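Asks: coords below, sequence missing:
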Ligand SMILES: Cc1cc2nc3c(=O)[nH]c(=O)nc-3n(C[C@H](O)[C@H](O)[C@H](O)COP(=O)(O)O)c2cc1C
């Protein structure tokens with residue numbers, strides 16, 4: 001069309017940090033159409049978008065937030081063929097040296113298995129990790145944010161990532 005198809009932004013939060021990240025994403029998409037959803041209210045609307053941004057903090061040794069984890073079977077019922085998905089994780093890379101932003105792995109594996117494309121892999125430069133489960137092809141499988149230790153890097157990390165994924169968006 002004349003403009004990008006609407007972007008569906010789906011997030012969860014326990015203590016509110018992720019809300020702020022979503023607000024930053026929305027600001028960078030100020031002039032583009034988006035709709036935002038908290039997956040505590042379910043995931044069914046993911047079916048309705050071709051362009052998606054899925055956001056989760058990490059808990060429980062590399063899991064996504066419970067509202068995502070509880071919906072993984074419903075998520076896997078969706079046909080992701082033709083969808084273009086960016087993944088955003090929040091975590092603490094120093095306190096969780098083997099599970100930083102691990103929650104996005106659960107989302108990645110479902111999107112790919114159900115026919116979707118994941119875009120916006122990011123460099124591991126400037127991050128610390130002992131082991132990871134969120135690398136493919138030498139890159140992190142999404143945007144990895146650390147508001148506890150690297151909050152000053154978040155705005156540029158998000159802005160650069162949004163610019164990249166928009167190039168693949170429908
Ligand atoms: C009990 C607990 C466990 C956590 N487990 C992880 C983890 O495995 N990996 C990670 O990267 N961050 C982990 N974190 C860090 C949180 O994901 C991070 O603080 C995030 O910004 C919280 O987002 P929220 O305020 O939106 O819930 C953990 C935090 C807490 C309190």
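Replies: Happy to help now that I have it. Residues are numbered from 1 along each chain as shown.
Asks: wait, isn't residue 139 in contact with residue 123?
Replies: Yes. Here residue 139 reaches residue 123: they are 6.2 Å apart, a contact under CB atoms under 8 Å. Backbone N, C-alpha and C define where each C-beta goes, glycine included.
Asks: more crowded one of those two?
Replies: Between residue 139 and residue 123, counted using other CB atoms under 10 Å, the more crowded position is residue 139 (13 against 10).
Asks: Give me the neighbour count for the closest residue to the ligand within the chain.
Replies: Residue of the chain nearest the ligand, by CB to the nearest ligand atom: residue 91 (2.0 Å). Using other CB under 10 Å, residue 91 has 25 other residues around it.
Asks: show me what contacts it?
Replies: Residues near residue 91 by CB atoms under 8 Å, 6 or more residues apart in numbering: 57, 58, 99, 100, 101, 102, 103, 144, 145, 146.
Asks: Kindly recompute the last result at 10 Å.
Replies: 56-59, 62, 99-104, 134, 144-149 (CB atoms under 10 Å, 6 or more residues apart in numbering).
Asks: List the ones among those that fall in strands.
Replies: In strands, defined here by DSSP state E, the members of the contacts of residue 91 are 56, 57, 58, 59, 144, 145.
Asks: roughly how far apart are the closest residue to the last one other than its chain neighbours and residue 6?
Replies: Take residue 145 and drop its neighbours on the chain: the residue closest to it by CB to CB, 6 or more residues apart in numbering is residue 90, 4.9 Å away. Between residue 90 and residue 6 the distance is 24 Å, computed by CB to CB, to the nearest Å.
Asks: does any part of stretch 95-104 sit near the ligand?
Replies: Yes. Using CB under 6 Å from any ligand atom, a contact is recorded between stretch 95-104 and the ligand, made by 96, 99, 100, 101, 102.
Asks: The residue nearest to residue 145 touches residue 157, doesn't it?
Replies: No. Between residue 90 and residue 157 there is no contact under CB atoms under 10 Å: 11.2 Å.
Asks: residue boundaries of the helices in the protein?
Replies: Using DSSP state H, the helices found in the chain span residues 17-28, 66-69, 72-76, 103-113, 154-166.
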